[PDB]
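Written below as structure tokens is the structure these notes are about.
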Amino acid sequence: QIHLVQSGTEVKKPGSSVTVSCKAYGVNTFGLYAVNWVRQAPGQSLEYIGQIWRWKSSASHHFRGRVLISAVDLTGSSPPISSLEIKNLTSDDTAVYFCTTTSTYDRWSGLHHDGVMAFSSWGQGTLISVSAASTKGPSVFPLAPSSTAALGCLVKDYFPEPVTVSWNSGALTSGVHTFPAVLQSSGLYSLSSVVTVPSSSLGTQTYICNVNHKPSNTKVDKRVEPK
Amino acid sequence: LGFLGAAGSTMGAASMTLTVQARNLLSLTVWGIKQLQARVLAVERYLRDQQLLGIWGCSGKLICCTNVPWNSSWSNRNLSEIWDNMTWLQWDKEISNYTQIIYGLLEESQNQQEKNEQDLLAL
Amino acid sequence: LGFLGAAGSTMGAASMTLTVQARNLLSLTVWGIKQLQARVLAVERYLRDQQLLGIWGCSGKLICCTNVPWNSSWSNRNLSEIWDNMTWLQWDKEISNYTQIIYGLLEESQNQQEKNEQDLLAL
Amino acid sequence: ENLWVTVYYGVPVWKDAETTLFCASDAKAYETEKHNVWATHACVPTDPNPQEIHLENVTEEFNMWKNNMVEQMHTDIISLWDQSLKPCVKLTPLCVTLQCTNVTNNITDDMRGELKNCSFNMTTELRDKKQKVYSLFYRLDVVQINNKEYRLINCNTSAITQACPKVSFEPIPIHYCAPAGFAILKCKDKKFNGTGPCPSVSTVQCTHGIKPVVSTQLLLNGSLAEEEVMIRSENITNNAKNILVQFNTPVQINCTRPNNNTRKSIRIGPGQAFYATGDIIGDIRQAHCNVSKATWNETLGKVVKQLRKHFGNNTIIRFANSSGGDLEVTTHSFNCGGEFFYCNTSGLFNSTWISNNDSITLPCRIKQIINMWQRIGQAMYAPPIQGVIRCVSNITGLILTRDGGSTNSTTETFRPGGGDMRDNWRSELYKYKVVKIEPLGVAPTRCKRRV
Amino acid sequence: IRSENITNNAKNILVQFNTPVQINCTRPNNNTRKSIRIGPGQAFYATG
Amino acid sequence: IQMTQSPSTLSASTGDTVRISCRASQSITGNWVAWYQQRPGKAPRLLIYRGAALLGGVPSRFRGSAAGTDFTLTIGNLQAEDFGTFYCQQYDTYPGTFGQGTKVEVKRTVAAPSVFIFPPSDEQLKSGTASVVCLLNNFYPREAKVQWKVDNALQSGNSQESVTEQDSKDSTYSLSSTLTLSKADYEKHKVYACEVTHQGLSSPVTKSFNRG
Ligand SMILES: *[C@@H]1O[C@H](CO)[C@@H](O[C@@H]2O[C@H](CO)[C@@H](O[C@@H]3O[C@H](CO[C@H]4O[C@H](CO[C@H]5O[C@H](CO)[C@@H](O)[C@H](O)[C@@H]5O[C@H]5O[C@H](CO)[C@@H](O)[C@H](O)[C@@H]5O)[C@@H](O)[C@H](O[C@H]5O[C@H](CO)[C@@H](O)[C@H](O)[C@@H]5O)[C@@H]4O)[C@@H](O)[C@H](O[C@H]4O[C@H](CO)[C@@H](O)[C@H](O)[C@@H]4O[C@H]4O[C@H](CO)[C@@H](O)[C@H](O)[C@@H]4O[C@H]4O[C@H](CO)[C@@H](O)[C@H](O)[C@@H]4O)[C@@H]3O)[C@H](O)[C@H]2NC(C)=O)[C@H](O)[C@H]1NC(C)=O
Ligand SMILES: *[C@@H]1O[C@H](CO)[C@@H](O[C@@H]2O[C@H](CO)[C@@H](O[C@@H]3O[C@H](CO[C@H]4O[C@H](CO)[C@@H](O)[C@H](O)[C@@H]4O)[C@@H](O)[C@H](O[C@H]4O[C@H](CO)[C@@H](O)[C@H](O)[C@@H]4O)[C@@H]3O)[C@H](O)[C@H]2NC(C)=O)[C@H](O)[C@H]1NC(C)=O
Ligand SMILES: COc1cnc(-n2cnc(C)n2)c2[nH]cc(C(=O)C(=O)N3CCN(C(=O)c4ccccc4)CC3)c12
Ligand SMILES: *[C@@H]1O[C@H](CO)[C@@H](O[C@@H]2O[C@H](CO)[C@@H](O)[C@H](O)[C@H]2NC(C)=O)[C@H](O)[C@H]1NC(C)=O
Ligand SMILES: *[C@@H]1O[C@H](CO)[C@@H](O[C@@H]2O[C@H](CO)[C@@H](O)[C@H](O)[C@H]2NC(C)=O)[C@H](O)[C@H]1NC(C)=O
Ligand SMILES: *[C@@H]1O[C@H](CO)[C@@H](O[C@@H]2O[C@H](CO)[C@@H](O)[C@H](O)[C@H]2NC(C)=O)[C@H](O)[C@H]1NC(C)=O
Ligand SMILES: *[C@@H]1O[C@H](CO)[C@@H](O[C@@H]2O[C@H](CO)[C@@H](O)[C@H](O)[C@H]2NC(C)=O)[C@H](O)[C@H]1NC(C)=O
Ligand SMILES: *[C@@H]1O[C@H](CO)[C@@H](O[C@@H]2O[C@H](CO)[C@@H](O)[C@H](O)[C@H]2NC(C)=O)[C@H](O)[C@H]1NC(C)=O
Ligand SMILES: *[C@@H]1O[C@H](CO)[C@@H](O[C@@H]2O[C@H](CO)[C@@H](O)[C@H](O)[C@H]2NC(C)=O)[C@H](O)[C@H]1NC(C)=O
Ligand SMILES: *[C@@H]1O[C@H](CO)[C@@H](O[C@@H]2O[C@H](CO)[C@@H](O)[C@H](O)[C@H]2NC(C)=O)[C@H](O)[C@H]1NC(C)=O
Ligand SMILES: *[C@@H]1O[C@H](CO)[C@@H](O[C@@H]2O[C@H](CO)[C@@H](O)[C@H](O)[C@H]2NC(C)=O)[C@H](O)[C@H]1NC(C)=O
Ligand SMILES: *[C@@H]1O[C@H](CO)[C@@H](O[C@@H]2O[C@H](CO)[C@@H](O)[C@H](O)[C@H]2NC(C)=O)[C@H](O)[C@H]1NC(C)=O
Ligand SMILES: *[C@@H]1O[C@H](CO)[C@@H](O[C@@H]2O[C@H](CO)[C@@H](O)[C@H](O)[C@H]2NC(C)=O)[C@H](O)[C@H]1NC(C)=O
Ligand SMILES: *[C@@H]1O[C@H](CO)[C@@H](O[C@@H]2O[C@H](CO)[C@@H](O)[C@H](O)[C@H]2NC(C)=O)[C@H](O)[C@H]1NC(C)=O
Ligand SMILES: *[C@@H]1O[C@H](CO)[C@@H](O)[C@H](O)[C@H]1NC(C)=O
Ligand SMILES: *[C@@H]1O[C@H](CO)[C@@H](O)[C@H](O)[C@H]1NC(C)=O
Ligand SMILES: *[C@@H]1O[C@H](CO)[C@@H](O)[C@H](O)[C@H]1NC(C)=O
Ligand SMILES: *[C@@H]1O[C@H](CO)[C@@H](O)[C@H](O)[C@H]1NC(C)=O
Ligand SMILES: *[C@@H]1O[C@H](CO)[C@@H](O)[C@H](O)[C@H]1NC(C)=O
Ligand SMILES: *[C@@H]1O[C@H](CO)[C@@H](O)[C@H](O)[C@H]1NC(C)=O
Ligand SMILES: *[C@@H]1O[C@H](CO)[C@@H](O)[C@H](O)[C@H]1NC(C)=O
Ligand SMILES: *[C@@H]1O[C@H](CO)[C@@H](O)[C@H](O)[C@H]1NC(C)=O
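Protein chains in written order, with my numbering: chain A, 61 to 287; chain B, 142 to 264; chain C, 142 to 264; chain D, 60 to 510; chain E, 357 to 404; chain F, 55 to 266.
Here it is, written out as structure tokens:
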């Protein structure tokens, strides 16, 4: 019943420090388990950061002198909790950090090779977004059809994520293709959500897209008109 | 010194103290039943590797050199990082994939110089 | 192939597969009692021919050549009609009259080159 | 450049492996005898000086809660008690109705029936004739059915088997030895909590002496922590998990049965005697255990200091007496010289601790019909001891328990608790791991057998 | 067909089918076990 | 050491057998190699360790294999739950290293997209920007590039693309390309065109529009 649960998504200034946590439920002690911290870049392969194996912590060559791994044992009310602190964040430190755990009690296991382990239990993801600029409202622009077609809505210059798009108060769902957001060159985000509908019904039915934004608390509803 | 004393020593330093471990592997109420199955279980377990050590030709030896090469795909390490660097437990965990292969080569190569020496005895 | 697979083969063809048979001869309720006398009965029966095979000098061997001749009154057959013609069971049934004679010559002739080699070690 | 396989025999490598450990008892029959419920005669002689080898360079991993050395000692003692209770009297003829009367009545105290004087009918000698006998029973072993009539507490649910009066009940230290080809790894750490790596390991042929003394709420005559009080729980955040404390210094507990009893024989059949209690010679006093008030007070402040390492440096820790259950789980029950006491340990656990000579008398009471613990429809009658009982022992730990409510509350309550004698064996065998030695190895050496 | 002595009437004959014949059967009564105490710590499991 | 998986994309249909390959820089004779499966929006998942050892609970359909320098994974009798990145790890030397990924997709059949071009929104124009978009819908073999021809001139260095995940029902893709440019330059240009090249079309189809 091992269930590692970590902190939530956070956005940090480029130069501050972070501390990711990972509460290990179902892990009896950290002297019988090894906690390794691996990180997955937005589109790269997982990269190993550091570990605490026998109450002695270590970090890989890249992160030596720049990362901190700590862990506390089973104590009264909480489980064993391990936390990773990253100092001097850079633009390339934004990735889904993972908490891992391997059972080291067995000496003939093969999940671990005398210091190096295979990761048998994984956390869930603690995506860290290191970016500049302040939170910006989700300004919406229309993708008005012009000459079966497919229309949609455009949202850009909004930050941070996420934004949920619903059409006609979330009534129509078939044909909705909300493309994932793409980071711009000015430290912002943009996306396009479109729906495909029969041409004959363009003027008969009105289509409205709902632009929701949690961090800014700004909800914008817009109506699209075929051209 | 002592039974298993060279357990954390590198492979090379623990090969000088074999006779310490080798001379220790042999040595109707509820107590009598469990004291009688401890004796039986200790002669059948000791005779299991005496028979094995005999189909390989190393009958009365603690170190026996065999006529089968290492194949270098079982472990591609030096002869110095193996004998002074790795303990016996580490080496066993590393070479545990090919013991059942090395063990079967050790006896199929012994009943081949047992017929070659049997053929050579007639000449 | 397999334990006793070369049972119907002539004596010659079944001498290549000795290690198949030799490696298989060792391996408190009503079930527990009869499982415990199967283990005991199987280590003593294995030690009866290890001791016998040791007073003859063939301790860790599956084929051992001895220093006692055949006497030609035990079996006056060729060396070709015996090794490719007769299976091991047939040969045993034929030579069963002189096994207790051959067995006693095998150990009285081994503790005679054990004193001859003991006398030769002083010179 | 080319290498050859060479086999070594007697290479140091081992694996964890459960096997059948046996006995070594140093205290064989030292010309004194009096066979007990245990080793004595049947347990193999122990070495005059055991060998301990300190495995340097080696860091093993111990888990005190997945140990099979204690799941095997648990069944070695249930079956040592069975094999000693089969060859003696079965008290099935004593399911008659008893005409019990209070021994004191208008004699002393509040007319309490701590003792009853019960007369019943039994067939002495011939199976036709039955004469009227009598014996002294405790109020804990007679159930009123309705100078009213009583009956034994047990014999509507369990079958009584009088303990054979020649076997002794005094625990004798037992060494649990391992066959040849196996070894026991001892964690020589002084601050060991039964889980995690032990960087200072050792190899022993078999364990130290382990008295098979079973008790509840308090571990008597056990082994002490070398440095500090040690708290060990399977899951320290679970209320259903017991906590095993271990004292660095023993707390002496004296107690007595000051009544000069007298055993008398009743013939329940041909060649079968029931050993009842005839009378009491002298004043009728109450049993009780004594613990020093100051020594307990300071030893209980060492426990609360370590309990603060797992429950916050700033928290109020209070001990309370046991909530409910059998008389053996709610009271400190032990066996002092063949007599089973159930002491009221409510004056010990009556404290409350906030973050910055005199004696305590515990009124024990005696029971004569004893049920088996992990439960069976079976019981044992312990014949009376003729004389005055007086034994002194060491308290070397506690078996505590927590109660739910530590989610919003800023306080912890620690009721004592026992009743499972598997937690009696792992307060002694927590530091022992059995391993099996694998002596064959291969390795490239650049030898070559000469043809 | 296998018999010790196929010409002796006192010898049983053991037939062996090449294909099994299925035999279904039931005790369609919904019984109920009830406990009777025949002694201290001894129950007789009768039918209620 | 560094592992090198191949192929990076291994689209296959359900019910067949699949085979991922993983070649390490040097020989791993101890079989210190484990296989992880990641699904979209989830954490990795161990399948095989010690070369070809099945982790408890994993379906017996997976079957690893070790060959000193060439380690493999066989997803025999593929279901729909075995689609996602497959990672290669080696714990023979410090530090553990991962491969790069092997995306397993569905086969279905080749389809063709339906391009739709849109003009810079009039409301969006007042903001000072004249971004334009190209939108394909319901195509396959990805392998799609958008050619942005402004005034019959090639444009590059100002286009951003976004491709959605494979559809669960029709197993179809999508793609959108956007040109971010200053509002003033939008008026200067005369004609805007988007060109798309896909294997599912006989010839590159171009849909354009005129300013206004
Ligand atoms: C059963 O019995 C067992 C035996 O007794 C018992 O085991 C004991 O358990 C306790 C835990 O309960 C153990 O104590 C813990 O040990 C952890 C391990 O710490 C090790 O590593 C750190 C870090 O070392 C790196 O850095 C230093 C330099 O700073 C280097 O020198 C190191 O080599 C190493 O550097 C490498 O790695 C770096 C990456 O980390 C690289 O960057 C670098 O380049 C290198 O590659 C060391 O500091 C520790 O040394 C300390 O102890 C030794 C010996 O005592 C001293 O000599 C030394 O001077 C140090 O004092 C050690 O080596 C600790 O991390 C852990 O600490 C946490 O808890 C304690 C209190 O419990 C705090 O004081 C501490 O600050 C940590 O708290 C933080 O973390 C927790 C958990 O995440 C958070 O919840 C908490 O809020 C807090 O967060 C805060 O701090 C963060 C910084 O860490 C910060 O970022 C946050 O934002 C926030 O502000 C603790 O001390 C003990 O060792 C065991 N005993 C034994 C013998 O093993 C077991 O518990 C028992 N069972 C039960 C059930 O009880
Ligand atoms: C915790 O551990 C301590 C010490 O290990 C135990 O203390 C022992 O308690 C038992 C039971 O009371 C004692 O045994 C009894 O001793 C009585 C008095 O002891 C005298 O005799 C002995 C032996 O000659 C002398 O060494 C001693 O100095 C005294 O002179 C005896 O009268 C008892 O005899 C009765 O029982 C025996 C055996 O059943 C019969 O053979 C007799 O005929 C008679 O019926 C009995 O021998 C023992 O002496 C104590 N030892 C010590 C060192 O004090 C605790 O009992 C133990 N606690 C628990 C809970 O386990
Ligand atoms: C007394 O309990 C039995 C009663 N009766 C039998 N049997 C009756 N007939 C047969 C064949 N067995 C028993 N067998 C094994 C028994 C046990 O081991 C057993 O449960 N404990 C022995 C140790 N201990 C005590 O000292 C004790 C200690 C502190 C307080 C109270 C009692 C606990 C319980 C057993
Ligand atoms: C020890 O007990 C605690 C309960 O006090 C267990 O912790 C729970 O674990 C489950 C399993 O995922 C979680 O869902 C709960 O949220 C946890 N609750 C608390 C309060 O921690 C823990 O798993 C137990 N330890 C072991 C090894 O089983
Ligand atoms: C328990 O009751 C019995 C009666 O059954 C008492 O025995 C009697 O005691 C008186 C006074 O000692 C004698 O005069 C009688 O002869 C006794 N009768 C028998 C049948 O023995 C016995 O004394 C009582 N014991 C206690 C401790 O109260
Ligand atoms: C023991 O048995 C005797 C009889 O053998 C019981 O004494 C009888 O009690 C009844 C009560 O109704 C009287 O009617 C009889 O006259 C009595 N017979 C006598 C005194 O000889 C006695 O009660 C029994 N005691 C028990 C069961 O404890
Ligand atoms: C109770 O504990 C005391 C320790 O305070 C025990 O006495 C010690 O016994 C050990 C050996 O058993 C000696 O090495 C110490 O020198 C003794 N110390 C003192 C102060 O006597 C005593 O034996 C214990 N009694 C038991 C366990 O019944
Ligand atoms: C317990 O009572 C018995 C009586 O049954 C006492 O034994 C008597 O002791 C006195 C002097 O000690 C002797 O004169 C008697 O002859 C003894 N009688 C018997 C039957 O033995 C015993 O001493 C008492 N024990 C204690 C501790 O007071
Ligand atoms: C328990 O009994 C022991 C003796 O069996 C007591 O030890 C005595 O303690 C006093 C202190 O007042 C010393 O003067 C004596 O020399 C001690 N006697 C022995 C034999 O050591 C101990 O005090 C008692 N403890 C309790 C709590 O009753
Ligand atoms: C533990 O101590 C408490 C109080 O010290 C006892 O609580 C009593 O419980 C009974 C129920 O049987 C109530 O009738 C009383 O009113 C309670 N007393 C108080 C003061 O609240 C409890 O009985 C004790 N239990 C044990 C096992 O010692
Ligand atoms: C054990 O001792 C405690 C206290 O010494 C007893 O607690 C008493 O419980 C009754 C009712 O349960 C209360 O009326 C008393 O006031 C309590 N006494 C004290 C001092 O608080 C307890 O009854 C004794 N026995 C058991 C079985 O717990
Ligand atoms: C636990 O200790 C407290 C105090 O240490 C005891 O409180 C007693 O409360 C009664 C209330 O009627 C007072 O009459 C007593 O004087 C108090 N005791 C003292 C020493 O002042 C409480 O009784 C104790 N409980 C148990 C079960 O022992
Ligand atoms: C046999 O009889 C028992 C009754 O003893 C049936 O058990 C009852 O089943 C009904 C519905 O199936 C429940 O509503 C009752 O609560 C059950 N009673 C008990 C005591 O279990 C049982 O279903 C019957 N079996 C068959 C095959 O008819
Ligand atoms: C090397 O050996 C290990 C164990 O000696 C192998 O691991 C086993 O793999 C099988 C394959 O399904 C599993 O069923 C076993 O559960 C694994 N071991 C254990 C202890 O469970 C490993 O596969 C071997 N390496 C290779 C490449 O085959
Ligand atoms: C060496 O090992 C390989 C690995 O399986 C094997 O294929 C080969 O037959 C072995 N023998 C030689 C001579 O390489
Ligand atoms: C193996 O031994 C040679 C002998 O000098 C040495 O040069 C080489 O570095 C060694 N290899 C390793 C991996 O240590
Ligand atoms: C039995 O006879 C057949 C036919 O000649 C022969 O091929 C076979 O080898 C014989 N048995 C054995 C064990 O070879
Ligand atoms: C024995 O072998 C010789 C060798 O040629 C042969 O001539 C002779 O016939 C053989 N004898 C028998 C009985 O086969
Ligand atoms: C244990 O490790 C230390 C580390 O230097 C070493 O000196 C020592 O020799 C090792 N133990 C043995 C038995 O060699
Ligand atoms: C014994 O004392 C108890 C105390 O309450 C009382 O209930 C009972 O009736 C008494 N029995 C006799 C026979 O006096
Ligand atoms: C002694 O007991 C009192 C209460 O009885 C407590 O307050 C005090 O802390 C205790 N002293 C020590 C040293 O534990
Ligand atoms: C003591 O209090 C501190 C609070 O700073 C806490 O961290 C620690 O765990 C507590 N226990 C100790 C230091 O043994």
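Backbone N, C-alpha and C fix where the C-beta goes; we use that ideal spot for every residue, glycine too.
- [ ] Might you give, ordered along the chain, the residues of its own chain that have their beta carbon closer than 8 Å to the beta carbon of D:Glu111, omitting 5 neighbours on each side?
- [x] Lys245, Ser261, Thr262 and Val263
- [ ] Within 10 angstroms of the Cβ of D:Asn356, are there 16 or more other Cβ atoms? Answer buried if so, exposed if not.
- [x] exposed
- [ ] Would you mind giving the Cβ-Cβ distance between B:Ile196 and B:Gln251, rounded to the nearest angstrom? I have them listed as a contact below 8 Å.
- [x] 6 Å
Open item on the list: In the DSSP output, which residue or residues are listed as bridge partners for F:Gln143?
Closed with: F:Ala88 and F:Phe152
Task: Residues within the stretch 165-180 of chain A neighbouring chain B, beta-carbon criterion of under 7 Å - done: So the list reads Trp168 and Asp174, given in the order they occur along the chain.
Task: Span separating the alpha-carbon of D:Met289 from that of D:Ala299 - done: 19 Å
Open item on the list: So if DSSP puts B:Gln253 in a beta bridge, which residue, or which two residues, is it bridged to?
Closed with: Answer is none; B:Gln253 lacks a bridge partner.
Open item on the list: Residues of chain D with CB closer than 8 Å to the CB of B:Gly245, please, in chain order.
Closed with: The premise fails here: B:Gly245 is roughly 12 Å from chain D at the closest Cβ pair, so nothing lies under 8 Å.
Open item on the list: Within a Cβ cutoff of 7 Å, which residues of the same chain sit near F:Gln133, ignoring the five residues on either side of it in sequence?
Closed with: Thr68
Task: Which of helix, strand or coil DSSP assigns to A:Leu106 - done: strand
Task: Cut-off 8 Å between Cβ atoms - residues of its own chain near C:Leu169, not counting five sequence neighbours on either side - done: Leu177
TODO: With D:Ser138 as the anchor, note down where its alpha helix (DSSP H) starts and where it stops.
DONE: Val129 to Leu144
Open item on the list: Quick check: what's the CA-CA separation for D:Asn403 versus D:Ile419?
Closed with: 11 Å
TODO: Indicate the three-state DSSP secondary structure (helix, strand or coil) for D:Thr411 in the structure shown.
DONE: strand
- [ ] Measure the Cβ-Cβ separation of D:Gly477 and D:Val388 and say whether it is below 8 Å.
- [x] yes
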